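Heads up, the thing below is written out as structure tokens.
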Amino acid sequence: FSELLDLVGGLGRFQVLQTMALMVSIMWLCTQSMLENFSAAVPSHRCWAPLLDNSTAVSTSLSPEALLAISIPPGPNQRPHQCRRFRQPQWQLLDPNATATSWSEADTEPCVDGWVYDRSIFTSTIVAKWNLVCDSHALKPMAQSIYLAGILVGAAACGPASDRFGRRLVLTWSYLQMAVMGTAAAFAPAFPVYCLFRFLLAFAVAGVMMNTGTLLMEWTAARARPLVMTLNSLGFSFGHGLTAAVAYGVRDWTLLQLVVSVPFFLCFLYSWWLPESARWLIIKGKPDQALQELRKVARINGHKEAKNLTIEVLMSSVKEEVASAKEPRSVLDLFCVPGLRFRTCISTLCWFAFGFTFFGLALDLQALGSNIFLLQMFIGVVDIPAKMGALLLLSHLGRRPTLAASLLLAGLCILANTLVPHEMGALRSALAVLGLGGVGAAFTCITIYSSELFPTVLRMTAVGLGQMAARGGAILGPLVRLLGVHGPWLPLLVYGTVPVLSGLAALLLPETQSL
Ligand SMILES: CC(C)(Sc1ccncc1-c1ccc(C#N)c2ccccc12)C(=O)O
Ligand SMILES: *[C@@H]1O[C@H](CO)[C@@H](O)[C@H](O)[C@H]1NC(C)=O
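Under the entry's author numbering, the first residue of the sequence shown is numbered 3, with each subsequent residue one higher.
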């Protein structure tokens, strides 16, 4: 097949333009995925109390601190209890002579009158709008997990649909669905509707990712292919910084969601100018349309070759693809081969570790540090050089030590956040940034490495297994946080042990550098 690109030009003006456009689309995609850090931030909260909140009631010489103590008992975090209040005002607690032994838990009640939230940092968030707190605290990670599960469903759907309807058309309708579902998610009235709309948005996102990957690889020459995939991965690194920049200015989750959704309308517009997959069309036996697209691309590259192509070379040079694609090969076939089974196990577990760790950590930054805006921007800042160095090291030390070191370093960096004492926020934030950068480098390493571990026929199906495993682990990511009720060390230790274990497994993979 390559000869057609070598004729039309495999890395010309057209490829540069298309790469820039799809990288921009991925930037906005990353903003969409990161948003739940800022759209669902948990502001500090307490029960509503008659003395504290009824501004028309009798004011007194007592300051707000003393009244707060008179109204609400202390919680485990050496801070006001976040879910219950005193049944009757504890005037006896005004004195320093008082002791907490004076009040029974029977003297306390849950927030019958609802909650009061801090508005200083975020003006409005999902948590404060639909009271996803206390008894309902499980629902926030539930929302994140549902969003991530929509991606698994979307991939399983968009595979067949993309083959039936073509890459560009599915990408276009995916952009449109992202726009419509996202703007609806901003205005939605009630939490079930928000869950539904986030799920459909995930259904769109899966298609965007898969079809972008397919479209870039088809039009890119073989030797430049890893670099193009690396740029597609750097799009997310820039997306982190974009999320920080947007969230700093916009503090209202309705407006934030609306702002990050609208740009996808523009992608719907300019995706109409991009060309359809040539290989898909030729497989569909339509050489006239494929040749129209090809000579259009050649015109963009300014070549003379528009006068030289014929349908016979177009069809014949793809005859091998047409013949080989007929075979009934899927995941079950991959598991049969004696020499491939161990490779499959370890590769799948590496994808699983990536999804698990990244979507566990990157969506609750509020727990890893002290200022989530700067933490987001620094995740971007560290991810960029981490991925570029990952490429520059992967091409020299071999896939095996590069991937193994990436995963092991990421896991050990995250584990360090358990051991460093809670109050040292600066060092903890730095370690968290480094760990997430390590996971990004591991993503690049595994993307390139998995493509080489398998024979050319099974390559794409094995990559499919890997991606599905990554999404499966991402779904479990958020649920791990529910264990945090028993303490913060347990969720973070679970997040840290898995990537280290998979890294020690990655060390056993066969090398594939051209040694
Ligand atoms: C889960 C994956 C494998 S990826 C994905 C899906 C949804 N949200 C974000 C990402 C994502 C996470 C880390 C990356 C890194 N480094 C990255 C790079 C490029 C594109 C997406 C990601 C998929 O379903 O395809
Ligand atoms: C607030 O205090 C005023 C004081 O006159 C009272 O009339 C009113 O019922 C109170 N409302 C609430 C909700 O506490």
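Every residue gets a Cβ at the ideal spot worked out from N, C-alpha and C, and that includes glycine.
DSSP places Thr449 inside the alpha helix (DSSP H), whose first and last residues are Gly427 to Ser452.
In chain order, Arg48 and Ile74 place their CB closer than 6 Å to the CB of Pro82, counting only its own chain and leaving out the 5 sequence neighbours on each side. Linking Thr101 to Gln80 through their CA atoms gives a straight-line distance of about 15 Å. Of all alpha-carbon atoms in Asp366, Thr216, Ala43 and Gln92, the one lying nearest the alpha-carbon of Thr125 is that of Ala43. Excluding its 5 nearest sequence neighbours in each direction, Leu395 has C-beta neighbours in its own chain below 7 Å: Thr404, listed in chain order. Remark: the shortest separation between the CB of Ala190 and any heavy atom of ligand 2 does not fall under 7 Å. Between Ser504 and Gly479, the alpha-carbon positions lie close to 16 Å from each other.
Chain-ordered, the residues whose CB falls short of 6 Å from any heavy atom of ligand 2 come out as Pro52, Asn56, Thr58 and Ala59. At a threshold of 7 Å, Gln469 counts as near ligand 1, since its beta carbon sits closer than that to one of the ligand's heavy atoms.
DSSP, read as helix, strand or coil, puts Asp290 in helix.
By the criterion of a C-beta distance shorter than 6 Å, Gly243 is surrounded in its chain by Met379 and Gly382, once the five residues flanking it on both sides are discounted.
A straight-line Cα-Cα distance of about 37 Å links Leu13 and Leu376.
The Cβ-Cβ distance between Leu511 and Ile348 falls below 8 Å. When secondary structure is reduced to three states using DSSP, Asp254 falls in the strand class. Not one heavy atom of ligand 1 falls within 7 Å of the beta-carbon of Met22. Sorting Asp290, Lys298 and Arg87 by C-alpha distance to the C-alpha of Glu314 places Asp290 at the top.
For the pair of segments examined, the region 406-417 was found not to touch the region 259-271: the number of CB pairs separated by less than 8 Å stays below three. Between the alpha carbons of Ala464 and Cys352 lies a distance of about 13 Å. Annotated three-state conformation of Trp93 is helix, per DSSP.
Boundaries of the alpha helix (DSSP H) harbouring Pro480: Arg461 to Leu481, taken from the DSSP string. Separation of the CB atoms of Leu173 and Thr214 is rounded to 7 Å, and the pair is thereby assigned contact status at 8 Å. Just so you know, the alpha carbons of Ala392 and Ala476 end up roughly 23 Å apart. Here DSSP, grouped into helix, strand and coil, assigns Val195 to helix. For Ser263 against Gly371, the beta-carbon gap comes to about 28 Å, at or over 8 Å, which does not count as contact. Within the model, the alpha-carbon separation for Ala308 versus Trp275 is close to 19 Å.
DSSP places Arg170 in the uninterrupted alpha helix (DSSP H) bounded by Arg169 to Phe189. In this chain, the alpha helix (DSSP H) harbouring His398 covers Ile374 to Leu399. Burial of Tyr451 is indicated by the presence of at least 16 other C-beta atoms within 10 angstroms of its C-beta.
Distance check between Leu336 and each of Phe445, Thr350 and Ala325 places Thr350 closest, using alpha-carbon atoms only.
At a cut-off of 7 Å, the beta-carbon of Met231 does not count as near ligand 1: no heavy atom of the ligand is closer than that. Distances from the CB of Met29 to the heavy atoms of ligand 1 are all 7 Å or more. Closer than 7 Å to some heavy atom of ligand 1: that does not describe the Cβ of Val435. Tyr177 is classed as buried because its beta carbon has at least 16 other beta carbons within 10 Å across all chains shown.
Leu467 and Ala327 have their C-alpha atoms spaced approximately 18 Å apart. Per the C-alpha coordinates, the member of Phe445, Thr449 and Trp491 positioned closest to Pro501 is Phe445.
Contact fails between the region 16-30 and the region 319-326, because fewer than three Cβ pairs, one in each stretch, are under 8 Å apart.
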